[PDB]
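Each remark here refers to the structure printed beneath this line.
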Amino acid sequence: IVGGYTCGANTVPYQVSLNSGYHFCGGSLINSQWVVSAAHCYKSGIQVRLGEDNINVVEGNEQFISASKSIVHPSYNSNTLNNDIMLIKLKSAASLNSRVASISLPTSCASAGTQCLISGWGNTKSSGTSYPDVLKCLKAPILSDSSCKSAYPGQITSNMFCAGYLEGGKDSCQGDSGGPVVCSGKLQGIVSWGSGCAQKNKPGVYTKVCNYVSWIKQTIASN
Ligand SMILES: N=C(N)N1CCCCC1
Ligand SMILES: [Ca+2]
């Protein structure tokens, strides 16, 4: 996250870190046994880390649980990033409390102008590299579809939205991928792609979760 603030320990209780020997992507806990992340974060050998603040220090609220099954969306296209969503099943259920909690799925899609919270452990610089150890947060609005399409001609599908600031300076960045965009207490986006980080006229692009609720629910019911 570029241009954000330190969230505070366990203030984003649905945020997870995906670990394969190191943090590589975020995700969101949607019930006690399932996480949703970005398809472009897929790899084998995932450990899900819940209850994290500092990802390099054991602070006492962590739960570390291996994945048993990953499911990339059937129509994910790695060239265009259309349908950039995956589900991860945990080998055992997490123990839910005030510091480790699920986030609700939306019943309706959010409109442009709605303020949302984006969070992650990704790079904090738009030039160069500095990775934080503690969770960072950013408040940002959903942008109109017309603004989003004008920023990225030919690249925005109905399964994507833009959020952030056209003036630059505040955005998600590398290592934030897969993490949550929460608006009015519901999961509306997944950190997906963008051009650089925090550049003028190049806002972040997010997977539009409201289009996937039926697939999520059906998949969880059957796996
Ligand atoms: N929001 C931006 N700029 N991103 C998404 C996360 C990876 C880098 C590009
Ligand atoms: Ca920790």
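Ligands are numbered from 1 in the order shown, chains are lettered A, B, ... in the order of the structure tokens, and residues start at 1 in each chain.
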**Request:** May I have the residues within 9 Å of residue A:125 as a list in words, using only C-alpha atoms and disregarding those fewer than 2 positions away in the same chain?
**Result:** residues 1, 2, 3, 123, 127, 128, 129, 130, 131, 173, 197 and 198 of chain A
Keeping only C-alpha atoms, write the selected residues to a file as a short mmCIF file (atom, residue, chain, number, x, y, z; two decimals), in the first residue's frame.
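The result, written out as part-v1.cif:
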data_model
loop_
_atom_site.label_atom_id
_atom_site.label_comp_id
_atom_site.auth_asym_id
_atom_site.auth_seq_id
_atom_site.Cartn_x
_atom_site.Cartn_y
_atom_site.Cartn_z
CA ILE A 1 0.00 0.00 0.00
CA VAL A 2 1.40 3.37 -1.10
CA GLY A 3 0.23 6.46 0.78
CA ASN A 123 5.30 -2.35 -1.22
CA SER A 127 9.60 4.16 -7.02
CA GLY A 128 11.88 1.67 -5.42
CA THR A 129 10.99 -0.89 -2.85
CA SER A 130 10.19 -0.98 0.85
CA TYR A 131 8.10 -3.75 2.31
CA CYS A 173 0.98 -2.24 -4.86
CA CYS A 197 1.66 1.83 -8.27
CA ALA A 198 0.18 5.19 -7.36
#
**Residues of stretch 15-168 of chain A in strand (DSSP E or B), written as a PyMOL selection string** = chain A and resi 15-19+23-29+34-37+47-50+63-72+86-90+104+115-120+136-142+160-163
Near ligand 1, 7 Å: chain A residue rows, closest pairs, only C-alpha atoms and all ligand atoms, as a Markdown table:
| residue | atom | partner | partner_atom_place_in_ligand_line | distance |
| --- | --- | --- | --- | --- |
| A:171 | CA | ligand 1 | 1 (N) | 5.4 |
| A:172 | CA | ligand 1 | 1 (N) | 4.1 |
| A:173 | CA | ligand 1 | 8 (C) | 4.1 |
| A:174 | CA | ligand 1 | 7 (C) | 4.1 |
| A:175 | CA | ligand 1 | 7 (C) | 6.5 |
| A:176 | CA | ligand 1 | 6 (C) | 5.6 |
| A:177 | CA | ligand 1 | 6 (C) | 4.9 |
| A:191 | CA | ligand 1 | 5 (C) | 5.7 |
| A:192 | CA | ligand 1 | 5 (C) | 5.2 |
| A:193 | CA | ligand 1 | 5 (C) | 3.8 |
| A:194 | CA | ligand 1 | 3 (N) | 3.8 |
| A:195 | CA | ligand 1 | 3 (N) | 5.5 |
| A:196 | CA | ligand 1 | 3 (N) | 5.2 |
| A:197 | CA | ligand 1 | 3 (N) | 3.9 |
| A:198 | CA | ligand 1 | 3 (N) | 6.1 |
| A:203 | CA | ligand 1 | 3 (N) | 6.4 |
| A:204 | CA | ligand 1 | 1 (N) | 3.5 |
| A:205 | CA | ligand 1 | 1 (N) | 5.9 |
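A distance search around ligand 2 (6 Å at most, only C-alpha atoms and all ligand atoms) returns the following protein and nucleic acid residues: residues 52, 53, 54, 55, 56, 57, 58 and 59 of chain A.
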So that I have them on file, write out the residues from the current selection with N, CA, C and O atoms, as a PDB file, in the first residue's frame.
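Dumped to out13.pdb:
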ATOM      1  N   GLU A  52      -2.642 -12.058  11.836  1.00  0.00           N
ATOM      2  CA  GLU A  52      -1.344 -11.426  11.719  1.00  0.00           C
ATOM      3  C   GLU A  52      -1.431  -9.910  11.829  1.00  0.00           C
ATOM      4  O   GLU A  52      -2.325  -9.269  11.273  1.00  0.00           O
ATOM      5  N   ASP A  53      -0.397  -9.332  12.454  1.00  0.00           N
ATOM      6  CA  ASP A  53      -0.047  -7.929  12.262  1.00  0.00           C
ATOM      7  C   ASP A  53       1.372  -7.879  11.712  1.00  0.00           C
ATOM      8  O   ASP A  53       1.558  -7.750  10.510  1.00  0.00           O
ATOM      9  N   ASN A  54       2.389  -8.033  12.559  1.00  0.00           N
ATOM     10  CA  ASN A  54       3.751  -8.140  12.076  1.00  0.00           C
ATOM     11  C   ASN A  54       3.971  -9.558  11.550  1.00  0.00           C
ATOM     12  O   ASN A  54       3.918 -10.525  12.314  1.00  0.00           O
ATOM     13  N   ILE A  55       4.216  -9.691  10.246  1.00  0.00           N
ATOM     14  CA  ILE A  55       4.377 -11.003   9.615  1.00  0.00           C
ATOM     15  C   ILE A  55       5.726 -11.645   9.881  1.00  0.00           C
ATOM     16  O   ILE A  55       5.921 -12.802   9.506  1.00  0.00           O
ATOM     17  N   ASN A  56       6.648 -10.944  10.557  1.00  0.00           N
ATOM     18  CA  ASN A  56       7.959 -11.471  10.905  1.00  0.00           C
ATOM     19  C   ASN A  56       8.141 -11.755  12.391  1.00  0.00           C
ATOM     20  O   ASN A  56       9.222 -12.195  12.771  1.00  0.00           O
ATOM     21  N   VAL A  57       7.131 -11.529  13.218  1.00  0.00           N
ATOM     22  CA  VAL A  57       7.212 -11.719  14.660  1.00  0.00           C
ATOM     23  C   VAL A  57       5.973 -12.466  15.112  1.00  0.00           C
ATOM     24  O   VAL A  57       4.867 -12.098  14.719  1.00  0.00           O
ATOM     25  N   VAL A  58       6.123 -13.486  15.948  1.00  0.00           N
ATOM     26  CA  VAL A  58       4.968 -14.147  16.555  1.00  0.00           C
ATOM     27  C   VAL A  58       4.507 -13.292  17.728  1.00  0.00           C
ATOM     28  O   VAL A  58       5.236 -13.132  18.713  1.00  0.00           O
ATOM     29  N   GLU A  59       3.305 -12.721  17.602  1.00  0.00           N
ATOM     30  CA  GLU A  59       2.769 -11.786  18.573  1.00  0.00           C
ATOM     31  C   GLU A  59       1.690 -12.373  19.460  1.00  0.00           C
ATOM     32  O   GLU A  59       1.401 -11.796  20.504  1.00  0.00           O
TER      33      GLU A  59
END
**Item:** Residue contacts of residue A:148 (9 Å, only C-alpha atoms) excluding same-chain residues fewer than 5 positions away, as JSON, numbers by chain
**Value:** {"A": [143, 153, 156, 161, 162, 163, 202, 203, 205]}
**Request:** Pick out the closest residue to residue A:5 from this set: A:60, A:27, A:132, A:21. Count only C-alpha atoms.
**Result:**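 Closest candidate: A:132.
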**Asked** Which residues come within 12 Å of residue A:215, counting only C-alpha atoms, excluding same-chain residues fewer than 2 positions away, as a PyMOL selection string?
**Response** chain A and resi 36+71-75+83+85-87+105+209-213+217-222
Give me, as a Markdown table, each residue of stretch 95-176 of chain A that comes within 7 Å of stretch 7-12 of chain A, together with its shortest interatomic pair and the distance in Å at one decimal, counting only C-alpha atoms, with rows ordered by chain and rising residue number.
| residue | atom | partner | partner_atom | distance |
| --- | --- | --- | --- | --- |
| A:99 | CA | A:10 | CA | 5.2 |
| A:135 | CA | A:7 | CA | 6.0 |
| A:136 | CA | A:7 | CA | 5.3 |
| A:137 | CA | A:7 | CA | 5.3 |
**Request:** Could you tell me which of A:77, A:31, A:155, A:146 comes closest to residue A:94 if we count only C-alpha atoms?
**Result:**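 That would be A:31, the residue with the smallest distance to residue A:94.
Interatomic distance, atom CA of residue A:116 against atom CA of residue A:70: 27.1 Å.
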**Request:** Would you please work out which residue, of A:78, A:98, A:124, A:214, is nearest to residue A:38 when using only C-alpha atoms?
**Result:**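 Of all the options, A:78 lies closest to residue A:38.
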**Request:** Considering only C-alpha atoms, return as number ranges by chain whatever protein or nucleic-acid residues lie within 8 Å of residue A:160, sequence-local ones (same chain, fewer than 6 positions apart) excluded.
**Result:** A: 82, 205-208
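Shortest separation to residue A:68 among A:51, A:45, A:178, A:122 occurs at residue A:45, atoms counted being only C-alpha atoms.
For the set A:168, A:113, A:154, A:120, the residue with the smallest atom-to-atom gap to residue A:141 is A:113, counting only C-alpha atoms.
Closest approach to residue A:18 from the set A:46, A:32, A:4, A:91 is made by A:46, with distances taken over only C-alpha atoms.
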